[PDB]
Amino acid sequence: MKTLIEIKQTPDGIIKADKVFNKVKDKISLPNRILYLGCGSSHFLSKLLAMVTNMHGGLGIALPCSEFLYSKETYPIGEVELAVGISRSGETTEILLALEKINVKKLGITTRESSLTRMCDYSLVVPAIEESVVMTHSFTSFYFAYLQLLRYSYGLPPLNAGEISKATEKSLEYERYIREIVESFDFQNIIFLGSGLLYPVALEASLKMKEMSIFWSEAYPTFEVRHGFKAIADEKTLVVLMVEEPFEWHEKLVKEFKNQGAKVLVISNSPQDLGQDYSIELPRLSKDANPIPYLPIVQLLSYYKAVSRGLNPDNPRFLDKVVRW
């Protein structure tokens, strides 16, 4: 098994990411208008990067590779000063096809020299090597490397890699707790909730559960879930609410789901009791880096659920490590 080992390499991945950042920081200038392209988990990472770009005063837009390829006219792309292609393998056909249609500067984010790096002007090669078909610590490592570069390019002070790495070590301390939730509550479906930067994390968490456990998992911007989506949550459902600073509406939402019979796990940077059945408190970090510790938590949850179902997260049925056409 490699998936669990790879999730546990998250702390080191942060350090590796910082090293890459420092090597290329004075070689790559990130502009104001940036387009982020990726497929699957890399698309969710693209969404996260676009969001943090907007958070820091820039203009970031993210699109799934195939939507850019065949339906770009329906998206608010506008003028692009830099196109960022994200691919763990650097060999996904769609990203290669997408970038070849772009004429502006191109930056690749991948784990190794590849077809992708060969067609980009420069790349962030973060060696967060993964043998599992399911992406885990590379998501987190890629995010940190680019975030550092973005802050640097925009004239902001650097983040403390050591502190962020330690924060993910704290996330990993919840391994036993997470395993026991999986062993005690045999949920049949699950919903991940998050807002802002935590929304793409919810999307990624849902995909991890989907791929690793061949599972009925959904993800939504925190409060959007009340609009019909919540109809599928009952006593067989685990609702995972991820929130940095909860307020009154969060307590009401937790209670609403419990009233439907569902159990609720709250992953937050707050000690507040919202009425949740399970609680995971993570170290609060700079707003942009704060989502990082959440990733190993949702990855561990998906891994243990997969094992509890006798499934192999390293090679989910029907999936290829690299999607080609």
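Quick note: we count residues from 1 along the sequence shown, nothing fancier.
The mean Cα B-factor in the deposited entry runs higher for 148-156 than for the other of 188-196 and 148-156. The mean C-alpha temperature factor is higher for 157-165 when 240-248 and 157-165 are set side by side. Of all the options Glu204, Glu113, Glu130, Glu180, the entry's greatest CA B-factor is assigned to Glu113.
Of all the options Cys120, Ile214, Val254, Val225, the entry's greatest CA B-factor is assigned to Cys120.
Per-chain ranking of the deposited C-alpha B factor places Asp288 in the middle third. In this PDB entry, the Cα temperature factor of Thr136 sits in the bottom third of its chain's modelled residues, the lowest group. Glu218 sits in the lowest third of its chain by CA B factor, as recorded in the PDB entry. For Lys72, the recorded CA temperature factor ranks within the highest third of the chain's modelled residues. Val80: CA B factor lies in the highest third for its chain, per the PDB record.
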